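Enquirer:
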Amino acid sequence: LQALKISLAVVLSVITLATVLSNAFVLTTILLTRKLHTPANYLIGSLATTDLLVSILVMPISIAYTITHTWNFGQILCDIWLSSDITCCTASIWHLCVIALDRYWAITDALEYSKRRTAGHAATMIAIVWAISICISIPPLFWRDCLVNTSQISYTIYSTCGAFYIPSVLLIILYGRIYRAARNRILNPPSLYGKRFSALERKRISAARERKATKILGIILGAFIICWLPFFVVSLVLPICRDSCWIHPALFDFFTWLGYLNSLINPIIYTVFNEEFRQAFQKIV
Amino acid sequence: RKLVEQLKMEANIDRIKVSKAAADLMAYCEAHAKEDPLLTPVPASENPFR
Amino acid sequence: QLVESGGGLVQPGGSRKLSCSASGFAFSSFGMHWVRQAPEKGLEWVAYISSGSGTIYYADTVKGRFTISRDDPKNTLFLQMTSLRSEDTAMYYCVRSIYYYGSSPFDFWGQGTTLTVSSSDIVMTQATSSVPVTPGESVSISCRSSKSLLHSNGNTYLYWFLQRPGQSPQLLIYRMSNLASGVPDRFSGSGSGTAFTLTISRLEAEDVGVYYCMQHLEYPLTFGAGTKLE
Amino acid sequence: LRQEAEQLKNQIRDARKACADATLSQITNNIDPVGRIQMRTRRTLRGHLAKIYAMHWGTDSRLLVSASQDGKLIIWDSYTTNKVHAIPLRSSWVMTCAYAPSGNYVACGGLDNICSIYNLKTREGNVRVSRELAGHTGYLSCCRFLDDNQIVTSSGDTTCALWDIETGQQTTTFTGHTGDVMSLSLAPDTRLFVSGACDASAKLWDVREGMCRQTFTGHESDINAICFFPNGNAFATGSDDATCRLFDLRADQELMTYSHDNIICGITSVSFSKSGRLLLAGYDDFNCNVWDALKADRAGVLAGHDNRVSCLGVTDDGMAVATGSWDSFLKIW
Amino acid sequence: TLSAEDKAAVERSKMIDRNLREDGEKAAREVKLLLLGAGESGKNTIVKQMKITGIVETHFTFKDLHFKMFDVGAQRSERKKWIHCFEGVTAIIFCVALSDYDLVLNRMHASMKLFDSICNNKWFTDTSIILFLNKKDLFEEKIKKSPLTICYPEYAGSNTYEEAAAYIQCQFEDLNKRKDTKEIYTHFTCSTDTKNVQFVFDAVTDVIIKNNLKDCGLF
Ligand SMILES: CC(C)CCC[C@@H](C)[C@H]1CC[C@H]2[C@@H]3CC=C4C[C@@H](O)CC[C@]4(C)[C@H]3CC[C@]12C
Ligand SMILES: NCCc1c[nH]c2ccc(O)cc12
């Protein structure tokens, strides 16, 4: 029976180590590859840095706490750990949202976005994301086991909304618009082909590109939805689940770790599908 | 039609044995060997690039 | 060429705007210095502004009171002067300079304007106050400084200026080894740490003037007492 | 007359074989190898935002001029990395640049047949076009300053032109190549010079006589690089066939060939060190290889470039080597 | 430490760096286009009507986009030695006159060979080609009497411009050995005032959109 504890500890340890390794590899590839010095690539690098923060400043403490279920580090460290966890997770979610916004702009109004798309703009968006995450994670200290404050439901609603629901709906809308534009181009391209109004050869590549785009967008949406929604729905409803509702703590921790796995998943999705990122990875190794 | 006379003129030059050329090249290289910082690493004091 | 305007009579403690119009060269890329010469003394640096107004320096005697600004579109240099003292009376010279490897700072000096009013720096010494000379005679001018001008980079920052009577000073030798463009090859300069000399061989006409030795190690810039040739 | 030329070419080949009593590789067997050589990126010249194709070291071994597709020439202070000058170009398509021996003039060119001449000692301070050397019908390939008044130019016209800067007229026209000229190299005395051509041959020319003196063959592809040996009697060449060959003017025959099985890309730039014992050549695999001019062994590899090594040069005193690349960076070794 | 002159030189270098950054940004914002085609392919008239000894640069702006077109037709040298200079061009404009199908260098075959070499050139793997079919009016006026079979023996069907220029376009596109990575834009030229410029702007916008999509992982 005692073997489960060591198994959970080791699996979580390897998961966090893999997350750290992947994020560090992405960050160093971006830094050492000048071809990857782009505002969109700057956003990807900021997301990688946020994932590194999540996996360094939070993941070890999360592993130490979840397996033992008892906080031996005291309240002084508990406050810092909770603030870091909340702010870093919100920063990661808002970084995904900002990347989606950048892609939507570059796909829809690329002409003006090229003038607007600069390193300064990426830095401003990163600063805005960090500020939003801070305002999400700072409140708990002022109002008052190591768990997020649930004394008042107003803060619960505000934090859950601004952390998942608002970014979730923004991401869904942006990626739906991107999907619509991509499919419109693939199936309704502009009349720049003269008299083309052998067609099977073009149809094959058109269908392949449509399938690839659909798969990529579905993967991107899923890696956020089925990762954070199970953890955010419970986080929202549990404070409401005062007396007439309950959930197993083990399931809550499993949802927490599934959400944390989004940090590992993000670099793979956001770099593998890009030719430049794959070329840089091949160059590095 | 002019390349032919150009090559007429070219054919009149004197060719030295390759051995003498190699000897001259080796002599020059050894004479200037101490004058090549690339060949021999130099102290940080003498090399202006840090 | 450089021409200055704004001189006249100013009561003590007043303010008077001094302007320098630049033409015939890329004033934007040239550094500007203000040097004032009293009617009976040597040169004295006033202020310096770098290209683009990125760096501005003033002498301890004019710190705060004098402000130096540039206006690239009109190729004009301005020097806002306020709370003038009696000692501020002097002829201000508009100096052109550019800073890069192999450059010749202070190569060109403006005509200047005469200003009169009612009533840890490096020390530069020129013991040779005067030396009567005639054509065909070699001349040696010795200048001494309180600090060694041989910088770690290997460049000795010493400047020699010759001021003919009725004309503004002109650059003679810069960095003690390079002659300014247009200067005859007659002049030569050499020396060692704490001791510098300027030698003129076979002097002839258009050589009469006052020779000033200047150091450029760090601001404020200072000029020597000046050696007078007659 | 096409029958006589083949026979006399055979005769020249026989004579070259006859005078080849020995080979540099065999005689240099007893020569101690220079050993494994390494050079660190002491300076990384940053400020270019486009591919760099040409550079030249100044006679003072400190100032070096570089050309990039940004349409601007940057004069770098190798001792401090500071940009001495920035020279806007009328055409952004610049492939070659030259630095005058006295340091008073700089020339460049590219797809435009006009070879722009720039003065660095202008009274106005800002660098201005001293004169435009027009008359070429092909893209300019290389530029080399004999002095402040005389410059030798090579372009895609298949003919190298000698220009008088004061008058701007083509003083002498060099003809005899059967392909585009890609490189140039002046002798230490400047009396003679050699140019590489796409015809896989290098032709030696006499500036004073204004005519060819020797022609060298052996390469399999276009010759892209050429540089005189420091003694001025021999020169190396680089070509797309991934082989570097050393030729001697007096012997009129190849002395050594530098190639490796794993090197499949061509050579873009070639130069000699002050002593001439080390041969440095650029390659299309974003790295530089140092070849022993005597033992023909790869002494070392100068890696660090990202896209492609295009130009390479050695200071006058051989203190350091600066190598340009398409990644818009010049590294001084 | 740095002396006063050294500090001033450093400041000048930083100012030069700022100027270089500004110039590079200006270059990046503006779009670079490469022009290719035969001398009689109409590219001369195309350049003349798009202007709102060696290479010629044609700088023009349209709807906030600064376009600079490079005419390399005057370079009578092998392209491979200097074609690499245009690797960074967003798109390549290739001009072909449809009236050359019956001309004598069969210069249509030469144009096809040039297009093949440019398209499959290793430097232009990711560079799209904007194909301009010029002199369509003359082509349709002459095809009704001179059949297109002279240039393309495999051609079948009625000899009319509607089904002849389209066949020519398909044959030109058949040279694509890397259809997956790059794209070709084909336009028909007339005695227009700005329609060609409009098509060029649309093609540049589409290329930018496709590049952004590829960066996003799609396409
Ligand atoms: C570890 C977890 C987070 C990874 C989850 C990735 C999931 C959501 C990805 C992987 C492959 C994707 C599928 C692959 C192919 C298609 C194309 C089309 O026919 C409909 C959608 C569909 C069926 C995709 C939907 C989302 C998908 C199922
Ligand atoms: N580790 C994810 C925790 C987290 C991130 N953002 C949040 C917002 C509200 C909340 O209760 C919890 C969170």
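Chains as they are written, first to last, in the working numbering: chain L, 1 to 285; chain A, 1001 to 1050; chain P, 2001 to 2230; chain W, 3001 to 3333; chain R, 4001 to 4219.
Quick reminder that beta carbons are idealized off the backbone N, C-alpha and C, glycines included.
Determine the burial state of R/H4059: buried for a count of at least 16 other Cβ atoms within 10 Å of its Cβ, exposed for fewer.
Expert: The residue in question, R/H4059, is exposed, as its Cβ has fewer than 16 Cβ neighbours within 10 Å.
Enquirer: What is the residue span of the beta strand (DSSP E) that P/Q2215 lies within?
Expert: 2209-2215 is the extent of the beta strand (DSSP E) around P/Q2215.
Enquirer: Can you tell me where the beta strand (DSSP E) with L/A119 in it begins and where it stops?
Expert: Taken as a continuous stretch (DSSP letters only), L/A119 belongs to no beta strand (DSSP E), being part of the alpha helix (DSSP H) at 119-137.
Enquirer: On the three-state DSSP scale, how would you describe L/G45?
Expert: The answer is helix: DSSP assigns L/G45 an H, G or I state.
Enquirer: Taking the DSSP output, what are the residues bridged to W/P3088?
Expert: DSSP output for W/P3088 lists W/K3072 as bridge partner(s).
Enquirer: How is L/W228 classed by DSSP in three states: helix, strand or coil?
Expert: L/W228 falls in the helix class under three-state DSSP.
Enquirer: Under 9 Å between the Cβ atoms of L/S263 and L/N41?
Expert: Cβ distance not < 9 Å, so L/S263 and L/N41 don't count as in contact.
Enquirer: Name, in chain order, the residues that DSSP records as bridge partners for P/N2178.
Expert: P/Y2174.
Enquirer: Got a sec, what are the start and stop residues for the beta strand (DSSP E) W/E3132 sits in?
Expert: Note, W/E3132: beta strand (DSSP E), 3128-3133.
Enquirer: How far does the alpha helix (DSSP H) with L/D102 in it reach, from first residue to last?
Expert: Looking at the DSSP string, the run of the alpha helix (DSSP H) that includes L/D102 is 74-108.
Enquirer: Within this structure, are the beta carbons of W/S3078 and W/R3090 separated by less than 9 Å?
Expert: No. Outside cutoff.
Enquirer: Between the C-alpha atoms of A/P1041 and W/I3037, what's the straight-line distance to the nearest angstrom?
Expert: Going by the C-alpha atoms only, they are around 9 Å apart.
Enquirer: Report the partner residues of L/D145 according to the DSSP bridge assignment.
Expert: According to DSSP, which records beta bridges pairwise, L/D145 is partnered with nothing at all.
Enquirer: Using a beta-carbon distance below 9 Å, is L/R278 in contact with chain W?
Expert: With 9 Å as the cut-off, L/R278 does not count as an interface residue toward chain W.
Enquirer: Compare the Cα-Cα distances from P/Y2174 to each of P/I2056, P/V2183, P/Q2167 and report the closest residue.
Expert: Measuring from the Cα of P/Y2174, the nearest candidate turns out to be P/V2183.
Enquirer: Whose C-alpha, out of L/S154, L/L236, L/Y175, L/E276, is nearest the C-alpha of L/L221?
Expert: Cα-wise, what sits closest to L/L221 is L/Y175.
Enquirer: Checking contacts by CB at 9 Å: is R/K4081 closer than that to chain W?
Expert: For R/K4081, the answer is yes, since a Cβ of chain W falls inside 9 Å of its Cβ.
Enquirer: Would you give the residue range spanned by the alpha helix (DSSP H) that L/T33 belongs to?
Expert: That residue, L/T33, is in no alpha helix (DSSP H); it is neither H nor E in DSSP.
Enquirer: With distance defined between alpha-carbon atoms, name the residue in W/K3072, W/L3294, W/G3266, W/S3068 nearest to W/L3279.
Expert: It is W/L3294.
Enquirer: Taking CB distances under 9 Å as the criterion, tell me whether W/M3182 reaches chain R.
Expert: At least one chain R Cβ lies under 9 Å of W/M3182.
Enquirer: Could you tell me if L/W143 is buried or exposed, where buried requires 16 or more neighbouring beta carbons within 10 angstroms of its beta carbon?
Expert: The residue is exposed, with fewer than 16 neighbouring Cβ atoms inside 10 Å.
Enquirer: Listed from N- to C-terminal order along the chain, which residues in the region 3300-3323 of chain W have their beta-carbon within a distance smaller than 8 Å of any beta-carbon of chain L?
Expert: Residues passing the 8 Å Cβ filter: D3306.
Enquirer: Under the three-state reduction of DSSP, which class applies to W/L3111: helix, strand or coil?
Expert: It is coil, neither helix nor strand.
Enquirer: Below 9 Å between beta carbons: does that hold for R/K4182 and R/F4219?
Expert: No. Outside cutoff.
Enquirer: Could you pull the start and end residues of the alpha helix (DSSP H) that W/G3300 belongs to?
Expert: Counting along the chain, W/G3300 falls outside any alpha helix (DSSP H), though it belongs to the beta strand (DSSP E) covering 3298-3303.
Enquirer: Which chain W residues are close to L/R34, counting only those with a beta carbon under 8 Å from its beta carbon?
Expert: Those are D3306, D3327, listed as they occur along chain W.
Enquirer: When you compare only the Cα positions, how much space is there between R/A4074 and W/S3092?
Expert: Each residue's alpha carbon lies about 17 Å from the other.
Enquirer: Does any heavy atom of ligand 2 sit closer than 8 Å to the C-beta of W/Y3283?
Expert: Flag unset: Cβ of W/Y3283 not near ligand 2.
Enquirer: Mind pulling the chain W residues with CB within less than 8 Å of P/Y2058?
Expert: Residues of chain W passing the Cβ test: none, with the nearest at roughly 24 Å.
Enquirer: Collect the residues with a C-beta less than 6 Å away from any heavy atom of ligand 2 and give them in sequence order along the chain.
Expert: Going by the Cβ distance cut-off, the answer is L/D85, L/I86, L/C89, L/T90, L/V148, L/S159, L/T160, L/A163, L/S235, L/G259.
Enquirer: Please list the segments of the alpha helix (DSSP H) lying wholly inside the region 3235-3276 of chain W, counting only runs of 4 or more residues, in order along the chain.
Expert: DSSP runs (the alpha helix (DSSP H)) wholly in the region 3235-3276 of chain W: none.
Enquirer: In chain order, what are the residues with a CB under 5 Å from some non-hydrogen atom of ligand 1?
Expert: Here the list is L/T214, L/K215, L/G218, L/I219, L/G222, L/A223.
Enquirer: With W/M3055 and W/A3299 assumed to form a contact (beta carbons below 8 Å), what rounded beta-carbon distance in angstroms separates them?
Expert: About 22 Å separates the two Cβ atoms, so there is no contact after all.
Enquirer: Using a 10 Å radius around the Cβ and a threshold of 16 neighbouring Cβ atoms, would you call P/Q2037 buried or exposed?
Expert: Result: buried.
Enquirer: Only counting runs of 4 or more residues, tell me where the alpha helix (DSSP H) segments fall wholly within the region 4067-4150 of chain R, in order along the chain.
Expert: Runs found: 4107-4120, 4136-4143.
Enquirer: So, with DSSP's three-state summary, where would you put P/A2047?
Expert: It is a strand residue.
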